[PDB]
Every structure is written in C-alpha cells, then in structure tokens.
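Protein chains in written order, with PDB author numbering: chain S, 640 to 688; chain G, 26 to 695, 730 to 787; chain W, 984 to 1278; chain D, 984 to 1032. Quick reminder that beta carbons are idealized off the backbone N, C-alpha and C, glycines included. Here the structure comes first, spelled out in structure tokens, and everything after it is commentary.
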Amino acid sequence: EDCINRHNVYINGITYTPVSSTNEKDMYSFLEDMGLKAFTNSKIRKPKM
Amino acid sequence: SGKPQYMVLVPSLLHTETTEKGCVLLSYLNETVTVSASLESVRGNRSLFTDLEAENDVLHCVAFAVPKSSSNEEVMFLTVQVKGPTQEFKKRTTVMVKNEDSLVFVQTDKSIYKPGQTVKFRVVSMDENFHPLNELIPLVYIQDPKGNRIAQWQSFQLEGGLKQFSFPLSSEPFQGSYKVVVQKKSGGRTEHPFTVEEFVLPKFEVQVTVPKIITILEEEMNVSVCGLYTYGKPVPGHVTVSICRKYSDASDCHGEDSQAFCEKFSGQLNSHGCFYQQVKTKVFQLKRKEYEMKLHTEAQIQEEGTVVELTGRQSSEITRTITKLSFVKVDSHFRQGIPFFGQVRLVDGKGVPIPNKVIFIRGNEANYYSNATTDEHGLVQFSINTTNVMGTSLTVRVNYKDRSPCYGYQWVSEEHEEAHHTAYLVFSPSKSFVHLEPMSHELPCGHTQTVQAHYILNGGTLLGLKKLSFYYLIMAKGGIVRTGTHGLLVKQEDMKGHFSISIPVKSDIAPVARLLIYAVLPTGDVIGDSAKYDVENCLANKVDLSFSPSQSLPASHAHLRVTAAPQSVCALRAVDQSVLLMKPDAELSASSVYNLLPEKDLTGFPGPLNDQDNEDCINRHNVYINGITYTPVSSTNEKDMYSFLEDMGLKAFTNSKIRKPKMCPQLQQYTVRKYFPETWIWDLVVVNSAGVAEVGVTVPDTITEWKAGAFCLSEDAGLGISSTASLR
Amino acid sequence: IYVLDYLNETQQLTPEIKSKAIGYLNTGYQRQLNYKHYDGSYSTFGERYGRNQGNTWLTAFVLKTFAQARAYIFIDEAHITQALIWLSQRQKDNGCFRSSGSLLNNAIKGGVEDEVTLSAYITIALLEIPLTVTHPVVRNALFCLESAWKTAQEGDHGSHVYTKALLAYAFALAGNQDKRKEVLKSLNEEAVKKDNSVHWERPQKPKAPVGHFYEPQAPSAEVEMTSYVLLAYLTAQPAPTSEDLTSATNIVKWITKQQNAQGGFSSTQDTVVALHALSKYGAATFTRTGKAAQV
Amino acid sequence: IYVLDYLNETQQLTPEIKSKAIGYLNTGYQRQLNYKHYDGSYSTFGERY
Ligand SMILES: *[C@@H]1O[C@H](CO)[C@@H](O[C@@H]2O[C@H](CO)[C@@H](O[C@@H]3O[C@H](CO)[C@@H](O)[C@H](O)[C@@H]3O)[C@H](O)[C@H]2NC(C)=O)[C@H](O)[C@H]1NC(C)=O
Ligand SMILES: *[C@@H]1O[C@H](CO)[C@@H](O[C@@H]2O[C@H](CO)[C@@H](O[C@@H]3O[C@H](CO)[C@@H](O)[C@H](O)[C@@H]3O)[C@H](O)[C@H]2NC(C)=O)[C@H](O)[C@H]1NC(C)=O
Ligand SMILES: *[C@@H]1O[C@H](CO)[C@@H](O)[C@H](O)[C@H]1NC(C)=O
Ligand SMILES: *[C@@H]1O[C@H](CO)[C@@H](O)[C@H](O)[C@H]1NC(C)=O
Ligand SMILES: *[C@@H]1O[C@H](CO)[C@@H](O)[C@H](O)[C@H]1NC(C)=O
Ligand SMILES: *[C@@H]1O[C@H](CO)[C@@H](O)[C@H](O)[C@H]1NC(C)=O
Ligand SMILES: *[C@@H]1O[C@H](CO)[C@@H](O)[C@H](O)[C@H]1NC(C)=O
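Okay, here's the thing in structure tokens:
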C-alpha cells in the first residue's frame, strides 16, 4: 500500500518536476529470480508508489 | 570581498522628441566605472550615445533625450557597456521607440447650437508630462455631416498651449450632429462632436431618485421626483412617472412592442417640497426572463404645458448574484517562509457592508480551513503561515459550492458570488526575500505615505559586508518618476523582517503608481517586489475659481477670481447654463485628461519585441533523483524577479541571477436689455504672481445655472482643471 | 535565384524562362512564409501551432536567399528585419550565436554544426546585406570570429579547412584585408592542388571511425567551401587584384568540372554558394561590353 | 486592388500601407492559384483532385 505520491512531487531546489516509475534491481526481485518467496517486515521491496 | 555589481534599468517603450529617464546602480571594488548606453537603429545606421561616470553604491538616474525618427514606430538595439579599470561588461536588447502623438483635445463654448449662432471652440495640445507645448498643427476644421465639411483652417501654430477659433453658423444650416476634427502631423486625427438644431431654453430640470441598483430579492422600491428651477427653487405642477421593465415576451418586430411592463404614477407637484412614492415590484416579475429597468419620468410644468422627460436608472441591476462578498487587500503572491495576511471585504447587492456574519475561508494546497465573521465593516484579516507547495488557492464563501435555490432548472436567475483567488510563490535561490505590505488602494495626492516592508533574510550576507542595501523606484506614465534608496546595518546572521518606507505623493504620478523595491546582497544576489497605488486623479498645478458673489438684478459689477501658478494663462468658460441645463458637456475633467493619455500604465513588453532568452540549460541525462524512484522533467510556474520587472513595464541589464534558471527544451525529436445667453464669458486671462481677478458683467433676464469652467496652463506647473462656479 | 544570377551574368537568358522562374520564386517564397514563426524565425513546420521554437541556421539561409530575391523580385523588408533581430536576440555578449537545433536532416546544412561555423555563416549572411561593420551585431560577431580564428590558428587543428575558409570570407567582407590575407595564406598552405586547378577537401579523410557511405552526418561540403574561398578571394574594397583572380580561376575550373549531369551539384548548399561565386566571378571577369581584346 | 486604385487616384496613399497591401496581394494571388484547374479554369476547390 505504500504510496509516497505527494500532491506535487515536493521536488525542492531550482525547479519542480513530476513523478515516474523506476527501473532497477531490488532484493525482492533477487529472491524472485532466485525462485523462492519470503515473508519479512524489513524494507525488501522498493517503495513503489 | 564579493563579486562586483552593476545594474541598469530602463523602460521598454521609449518616446521620442522628449526626455526619458533611466537609472543605474553601481557598487563593490574597482569603482572607477564608466557606463555608456548606445541606442542604435539597426536597419540603416542610427546611433544615440550616452555616457556617465559611476561610483560605489549609488543609484543615479540620467535623463536621455530622443528626437523624432524617420518612421513612426520602430525597434532599436540598446547596448549598455560597463567599463571598470579591471572589468568589462556588455549587454543589449531590443527597445521599442515610438514617434508618439501628442494628446490634443477640443472644448466648445456650447454643446448644442441654434441657427445663426457662432460656434466658438478651443484646441489644446500636450505631452506626457502636462507641461504646455507649442506646436505647428497642420489641420483643424469644422465639418458638415454629409461630408460637406463646413469650415477649414490650415497650418496654425500654438503658442500659449492653446488656440481659440470661431465660425458663424448661418440662418438655414443643415440640422443634425456636426463635428470638429483636428489632424496632427503624425497623421493622427481627433474628433469632437457637437450638434446643431432648434430648441427652447428650459428653466427647470427634473431630478428623480430610485435605487441605482435594484436586485432580485426586492419586494418594493422607493421612488421620488423633485424639480430644480431658476436658482433651484421649487416648481409647482404635475408629474407622470413611468417606471418600467423593458424587453418582454413579445417578439419585438413590426407588430410587437418591445416595451415590457410599465407603471404610470400621477403626482401633483406641490408648492413646497417634492413628490415621493413607494412602488411594488411584484408586477415587474423581477425573475429569470424579463429584462432591465428604464424609468422615464415626465414632469409637466403648469402655466406653460411644458413637458420634459428624463431617463433614469435604466441599469438597475437585477443581479442573479446576491450576497456578493468581496476582497480588498488580497496579495497576488506569497513565499514558502512567511505568514501572508489577506484582507477581505464582504458586501451584498447595492454595496452596503454586512456586519457580524459567519464566513468560511478555504486554503487549498495549504490545508487551511477556517471560519471567520463579517465585522462592522465586513472586513476580515486572515493570515496563513506559508511553508507549502508552489501554488496556493484561496476561496471564501458564506454559502457553499452550489447555488442554494434551484440552480440547474434552466429557468432561474439566483446566484451567490464566491471569492476566488490564486497566488504563486516567488523564486528565491538565496532563500531570502522581501515582501511589501502595501496600502494597495485609492492613494491620495499632495500627501505623504508610508508603505511597510518585510525582509526575511535566510542568513543574509554570507560573507559580504555589514551594511546591506535596498533601492526603490516609484515609476509612472509608462516611464519612471521618483527614485531613492535605503540601507541597514544587517543583523549578524538572522532574517530581520520589519522596516518602513516613506514617499511623497505631491504629483507627477499617473493614476497608477507602480512602486518596486529591490535589495542587493554583495554575493551577486538580489531580491525585490512590487506594489500598486491607484493615485487619485489630481493635477500638479493647483487651481481654483471663486467669484465676487451671486446677486440678482443685472448689476454688471460681478467678479470672477482664479488662483493658479504665479505666471500663467487661464481659459475661462462661464456659460449661461440653459443649454447646459438641457444637454451636458463632453467629459471635461481631470479623469478625461488622464484617460486621453497614451498607455496610462505600461505592463508587459509591447507586441513586436518578444523577449531576451538565455542559454543556461540544466537538463541532466535524467533528473537525478535518488530515493523512491527517478523523476522526469517539467517546467515550473512561479513568479520571478524578471517577471516583476516585466509586469512593471521596464527592462534591465545585470549579471546576477534574475531570471529563473529555465532549461532548454528536449532536443530529441522525430430696466433691462437682454444680452447674448447660453454662454457668459469665453476668454483667456493672464495670471500674475498673485492670482488673477476679472470683473465680469452681470447680464439680464438670464436665470439658469452659470457653470464656470477653469482650464489653466503654465509652462512650469502644467495644466489645471477647476470647478464650475454657477453664479446664479 | 542563383541560377537566375548565373544566367544573367553569363547573358544566356531568355524572357520565357525568366517569367517561369519568377513564378517559381513567388510560389516558393510564399510556401516558405507558410513555415515561419510569429516572432519572425523559421523552422521545419512552425505555423498552425506554437509548440515549437525556430532554428537559427534556417533563418540565416532564408535571410540570404530573401536578400538575393529582393535583388531580382520584390519582397517585404519586414521579414528580413524580423529575422535579423531574432538572430541578434539569439547572440551572446562574448560567445556567438547558439545552435537552436530544430532541424530534420543535416544534409541540407553544408556545415559541421559547430557554434563557430554557425556564427560565421550567420555573420556572412548578415554582411551580405549591406550592413556597416560598426553595427553592433557584426561587431560582436567579428569578435567571435577573431577569437575563434586565433584559437584555431595557434592550435594544430581547428578543422583545418571549413572554418578557416568561412572565416576568410567573413574577414573579406568586413574589410580586414590583413586578416584576410593571413587566414588565406594559412588555407593556401594546406593545398589540394591538381594538374590545372586547386581545391580543398575535409581533413583529407576523417580521422575517427567514419564512412560506410551516403555522407552520414558529413555531406562532404567540398564544393561549397571551395566556392566560399572563391567568394573570399573575389572580395576587396577598391576592386580585386590579379593574383586572387588567378587562384580564383583555378578553383573555378575545379568547380565547373565538378558539376553534375543531372543538374546542380551534390546538394543544395553547394549548388547555391557555388553558383553565387561563379556569378560574382562573371560580374568581375566576364563583361558584355568589353569586346575588343587584342593579345 | 481596387482599394489601392482608389487611394492612388485620390493621392491618399503612403508607402507603408502600400507594401502591406502588396504582401496581401501576393498571398491571396497564390492562394487563388491553389484552386485553379489543370486547363486554366477555376472552381471552389479544384486542385488536389
Ligand atoms: C543582370 O544584372 C545586371 C547587374 O549586373 C543588370 O544590369 C546591367 O548591369 C550592368 C552592370 O552589372 C550595367 O552596366 C552599366 O553600363 C554603364 C554604361 O551604360 C556603365 O557606366 C556602368 O558602370 C555599368 O557597367 C547595365 O547597364 C545593366 N543593364 C542592362 C545591361 O540592361 C541587368 O539588367 C540584369 N539582367 C536582366 C534584368 O535581364
Ligand atoms: C497611380 O496610377 C497612375 C496611373 O493613373 C500611375 O502612373 C501615373 O500616371 C499619371 C497620369 O495619370 C502620370 O502623370 C503624368 O505626368 C506627365 C508629366 O510629368 C504627363 O505628361 C502625363 O500626361 C501624365 O499626366 C504619372 O507620372 C504616373 N506616375 C505617378 C503618378 O507617379 C502611378 O504610378 C500610380 N502610383 C502608384 C501606383 O503608386
Ligand atoms: C549614417 O546615417 C546618416 C543619416 O543621414 C548618413 O548621412 C550617414 O552617411 C550614415 N553613415 C555614417 C557613417 O554616418
Ligand atoms: C577587481 O575585481 C577583481 C574581481 O574579483 C578582484 O579580484 C580584484 O582584486 C580587483 N582589482 C584589481 C584587478 O585591480
Ligand atoms: C423608502 O421610503 C420609506 C418611507 O416611505 C422609508 O421608511 C425607507 O427607509 C425608504 N428606503 C428604503 C425602503 O430603502
Ligand atoms: C465556524 O467555527 C466557529 C468556531 O471557531 C463556530 O462558532 C461557527 O459556528 C462555525 N461556523 C458555523 C456556520 O457554525
Ligand atoms: C506558522 O505555523 C507553522 C506550522 O508549520 C510554524 O512552523 C510557524 O512557526 C508558524 N509561524 C511562526 C511565525 O512561528
């Protein structure tokens, strides 16, 4: 359920900019490609909005 | 210590054949500076050079002059060159020059003429500043209506800033509306209409009273009729008031009367006083389909059978929007580090404040939902601590987001206005800024005024020096007018906020008064803001008229007095106000002279010139975000200093970061003897060093108003427009 | 336009084809007007929407072409003036014009898209219009040209040919006869002279991995640069000398020998400037009045 | 065209408006050329089919 999407992205600095989906390997994906699945509370998956 | 700093400000729209001022600011080490502006006409070869010595932390303003040009309107390349003993800088842009046309106008001795009479009129000419200008005018003529021009004068030169002419109309002149037309060298033309027809002099005028604005929720209406006469004394007789609602269900063509419901009331205008009457608007059906309110009152004066009509309150606004609240001091901008307070007024219908009434202020993108109430003046000062996103939306309501009674029936005319306002935050790379708390309003004239300024300095001077500075400019008439500075021993390392500013409002300032102020930080940083003071329409050269008083009986000995500059001229138009009792004059006041002006307020750069783009493109391979995900690119939308000076109307050359670091777009692509009436006096008079005083001749059997219009002119103080002393 | 100039200068012209070309010129002119911008710039599409920004090189090309068209047919000065102020707006105090890349293909452009080369092509297009060197734009541009030529001259490589050639032409238009002869000497040093003529190519073969065919990102621009050198040699304030005319004759022989049977040359840029240079050469050498030479 | 003629015959003409009208004339002329026929006739649309 983690949806970190702000009203406006809250991109401080020189200018503002919108949101987008990333593309990078994750621990969850490591265990996925590994073949198995696991239950845990720690931050395994990426906080996909 | 820090980076050296220079800054040149100049308007965008330049006028020719006159003077225009531009300011320059200089400071910080290697001060033997020499600035030079070069205005050059690109196509062909034209060049106007100007130089000036420049020192430390001085805001000096030089007034360069520009002569006429070959073409009428044309652009030019303005290039500024700053030369310091060990530094150099050069920057240019496109300045728009215009062979502006003077502001000329006509005034007649009468508004309506009868056969056989001589039309007497005056032609006046002026420049932006209202200092009288002498000029050779190519053409001025009186035209008959068929295009059968009735009279014409060529190539005459103005000397005292004006010229009077006269033309005797015949016994059998064409009837209708005639016209005086003046043509200036620039090809410009100006029209002043006047009419010629037969008419009887009226010795009275009807004057009715009804609400200027009638709205929906109205069950009755007050009506009154009172007739002014010779010396405004009461008149006995009869009156027939026809209050009406216009544009009914009838088709309105060839057989259907456009005239909607009318109510005719008959009153006996008594000896003393005037007549009153309370009507009921139930018959008018003040609802969805029916149209506006025309009140044609017709008073019949006895012993003459003379009926006269007056068209009043045609525009009583049966407004579907009721309880139309208001705003007053609603700031257009904010900052992510400040509590901005907006003052809001709430009124309903006609314009009367509503006291002690609950309202709701909703601030979206800041989450500020609060309740308030309308006080004795219906004013509410709501403050919001701003630490939020780019744009904040603020609305205020007394009802909610829907028209409470029968909104969408397609057959209803009820509504409630909703206060709506949007505000943007300013850009601040230094995270420090200024924001003025203005008296944004109907500013008086001939008086001092104090505007307060809030400076939030995030660390202020990083290294710099101890003394920091603020420079302000009160510009007007699409130009400039006043300038000044101020500075302060900054606190060591905090954001100190309060400090006020004082400025006089003598004159030389348009209805609009655009005030801006910017503070410079030796680190190559600057901050600033604007403000709007709608100056009252008043003139520089004070002027007034008086008279040795009203006295019946033709005793010639009567006086008129005029106060103006110590060496001036004055056009005096004392008119037996009989024709003027009948028909009014044509917009003779200060507001007229002001609106005749070209481009009252300069906002935004003119059309032809587009902009002065930059090249600092910050587009990364990708926006470079580490965390939840990566982000794409997109443009921002917030106010900026460059935009402040753009909306201000001027332009400037600097080195510091003014414009927002906008990125370049994506490259990738696919016992009496009657004299002459309907007039009294029409002449020029000289003003000595103590005010002029003419002795007018009280004339017989002419009992009407006597409007005395005074139009003075002085080469030093300008023009003057003073009231209509009615020596009845 | 340049074809018309070649024919008129060589006297090989008839009124029929003249009228035909006039009609073509008017049509193409208006069609080009259908792609400008509201400010006066130009792009590939532009008009019918405002979700784009103009190009600089294209605007300069339009400017030069409209100038010659003005020389023969009637045109509106407002457009060239607007384009001029636009280019000036896209110029820097010290640096030169920026390449606001919004083109479709680089084949039409006979250059390497370098900021120096772009600025040089721009300023030469400006100077082609009768413009005083004391003018601001050309002043700043000349500063760019001087600096760029200095850095390319002291350095062993500044592209060795294209830049120096265009720079030479610009210097020739300005009036810096000394700078003209200097850069011209530098060019003559790296000669590609043949049996009965002379010319210049790109750096003899591009160094880095290049080629495969079809002129990818490198239209060869040999005819255009050679013609630019020609036009430079042919320019002087009183009238040209003799030596420059000899070298001009050499390169002209190479040019005419390089013509294409289909018509024109390898592309549009080269054909345009080549015919321009040949026209000026005819205006200088060929004379319809001089008809009694005795050798 | 007839407006130009009226102005020139009445002498009430300036070169600025003259150039403006010239541009308009050339543009409208070509736009009209965009509707002729192959034989030389004219119609409402014609060309492009
Ligand atoms: C083709 O372009 C030429 C411009 O070069 C148009 O003008 C012809 O141009 C030459 C100069 O290039 C003119 O020559 C002049 O002769 C006088 C003596 O009569 C001499 O004093 C001058 O110094 C100059 O040499 C020539 O008069 C001029 N007109 C002609 C030949 O009719 C030429 O009109 C263009 N061709 C066209 C429009 O067909
Ligand atoms: C406007 O239209 C006229 C044609 O009507 C264009 O040509 C002008 O024609 C007039 C005669 O109508 C010329 O006047 C002439 O003056 C000489 C004496 O100098 C006289 O002998 C002739 O009988 C005739 O009256 C005039 O020279 C001629 N050009 C002008 C008026 O400048 C004219 O060019 C058109 N102007 C435009 C379109 O701008
Ligand atoms: C500049 O314009 C003036 C305007 O009359 C002209 O006389 C002059 O020849 C032009 N050139 C120079 C260098 O002044
Ligand atoms: C002039 O300004 C430069 C720029 O920071 C500064 O370094 C220098 O001390 C100043 N004085 C000179 C160059 O004589
Ligand atoms: C209208 O007249 C009545 C008396 O006739 C008075 O009481 C009232 O204040 C007046 N004004 C209104 C109703 O707005
Ligand atoms: C708004 O809030 C105040 C309390 O802060 C309350 O007295 C008032 O009743 C509220 N609004 C309404 C319409 O009741
Ligand atoms: C305004 O409220 C905000 C809430 O985030 C607070 O941080 C700030 O300190 C308040 N204003 C002042 C002047 O303290």
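Query                                                                                                                        : Result
Cβ-heavy atom distance, W/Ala1266 to ligand 1, below 7 Å                                                                     : yes
Span of the alpha helix (DSSP H) around W/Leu1016                                                                            : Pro998 to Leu1016
Per-residue DSSP class, three states only, for G/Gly779                                                                      : strand
Chain W residues whose Cβ lies nearer than 8 Å to that of G/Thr348                                                           : Those within 8 Å of G/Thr348 in chain W number zero; the least Cβ separation is about 42 Å.
8 Å Cβ cutoff, S/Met673 in contact with chain G                                                                              : no
C-beta contact flag for G/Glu663 and G/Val377 at 8 Å                                                                         : no
Top-ranked residue by Cα proximity to W/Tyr1216, from W/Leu1167, W/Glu1198 and W/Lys1240                                     : W/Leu1167
Cβ-based contacts, 7 Å cut-off: residues of the stretch 1194-1228 of chain W near chain G                                    : none
Inter-stretch contact at 8 Å, needing at least 3 Cβ pairs: the stretch 1254-1267 of chain W / the stretch 988-995 of chain W : yes
8 Å Cβ cutoff met for G/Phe669 and G/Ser773                                                                                  : no
Beta strand (DSSP E) segment containing W/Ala1054, residue limits                                                            : Segment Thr1039 to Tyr1055 is the alpha helix (DSSP H) holding W/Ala1054; no beta strand (DSSP E) there.
Beta carbon proximity, S/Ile683 to chain G, threshold 8 Å                                                                    : no
For G/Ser453 and G/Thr41, the rounded distance between their alpha carbons                                                   : 37 Å
Same chain only: Cβ atoms within 8 Å of G/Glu624, ignoring 5 sequence neighbours per side                                    : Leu38 and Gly503
Per DSSP, cross-strand counterpart(s) of G/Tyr31                                                                             : G/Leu51
Minimum length 3: unbroken beta strand (DSSP E) runs contained in the stretch 334-372 of chain G                             : 363-370
Within-8 Å CB hit, D/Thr1010 to chain W                                                                                      : yes
C-alpha gap between D/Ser1002 and W/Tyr1018, whole angstroms                                                                 : 21 Å
Near-chain W residues of the stretch 462-474 of chain G - C-beta to any C-beta below 9 Å                                     : none
Same chain, Cβ closer than 6 Å to G/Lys188, neighbours up to 5 away in sequence not counted                                  : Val148
is_contact[D/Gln1013, chain W] using C-beta, thresh 8 Å                                                                      : yes
Amino acids of chain W, ordered along the chain, whose beta-carbon sits closer than 7 Å to that of G/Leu692                  : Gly1084
Between the CA atoms of G/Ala62 and W/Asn1038 - distance to the nearest angstrom                                             : 30 Å
Neighbour flag for G/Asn247 against chain W, beta carbons, 8 Å                                                               : no
Contact set between W/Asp1022 and chain C, taken where Cβ atoms lie within less than 9 Å                                     : The structure shown contains no chain C; the protein chains it does contain are S, G, W and D.
Cβ-based burial, G/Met101 [other Cβ within 10 Å; buried from 16]                                                             : buried
Span separating the alpha-carbon of G/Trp765 from that of G/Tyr256                                                           : 10 Å
Per-residue DSSP class, three states only, for G/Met246                                                                      : strand
Closer than 8 Å to chain W by CB, D/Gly1006                                                                                  : yes
8 Å Cβ cutoff, S/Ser668 in contact with chain G                                                                              : no
Min CB distance D/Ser1002 to chain W below 8 Å                                                                               : yes
Closer than 7 Å at the beta carbon, the chain S residues around G/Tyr655                                                     : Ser659 and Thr661
G/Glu222 to G/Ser603 span [Cα, whole Å]                                                                                      : 15 Å
Terminal residues of the beta strand (DSSP E) in which residue 723 of chain G lies                                           : A gap in chain G, from 695 straight to 730, means residue 723 of chain G has no coordinates in the model shown.
Range covered by the alpha helix (DSSP H) that runs through W/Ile1238                                                        : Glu1226 to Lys1240
Contact between the stretch 670-681 of chain S and the stretch 94-113 of chain G (3+ Cβ pairs under 8 Å)                     : no
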